[PDB]
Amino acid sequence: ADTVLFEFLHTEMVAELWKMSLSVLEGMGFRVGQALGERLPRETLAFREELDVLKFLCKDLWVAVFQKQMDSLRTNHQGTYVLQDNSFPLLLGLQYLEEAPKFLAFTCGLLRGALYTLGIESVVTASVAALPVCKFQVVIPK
């Protein structure tokens, strides 16, 4: 399908499926993330350290899903990572800063779902800096 179609569908889903709602959006993104990871070169991550898995998501997964790589990746080397997209696609004024969280839920599941397929358990949340800059926080418990 054409790239724009996903955004159109996603925009309608957030409107219609409008914190249990976020849970639903995140849950859907989780099943899609699982299937997507499944089709990426998962094998190459065999014998790799956690760090490479997260780079995989920033590059391999983000390109496949948004036709671009993550703009930056940070870590505290204690299981927590912050992925930053300087111009997140699904975010099509200060009045919308509070609404932005709704448009990031599905992608959090996408990331969480992809990690699951790679054998990793995690919790993903997101926040917005100065629109359209978005930060996805991946926390791998340990």
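From 1 onward, residues are counted along the sequence shown.
Deposited sequence between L97 and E98: no residues lack coordinates (chain continuous). The modelled chain breaks after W18 and resumes at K19, leaving 10 or more residues of the deposited sequence without coordinates. Comparing 106 to 114 with 70 to 78, the stretch with the higher mean C-alpha B-factor in the PDB entry is 70 to 78. Looking at 80 to 88 and 47 to 55 together, the entry lists the larger mean B-factor for 47 to 55, computed on C-alpha atoms. Looking only at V133, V123, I120, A126, the residue with the top Cα B factor in the deposited structure is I120. Annotation for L9: C-alpha temperature factor in the lowest third relative to the rest of the modelled chain, per the entry. Residue-level temperature factors show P41 in the middle third of its chain, judged at the C-alpha atom.
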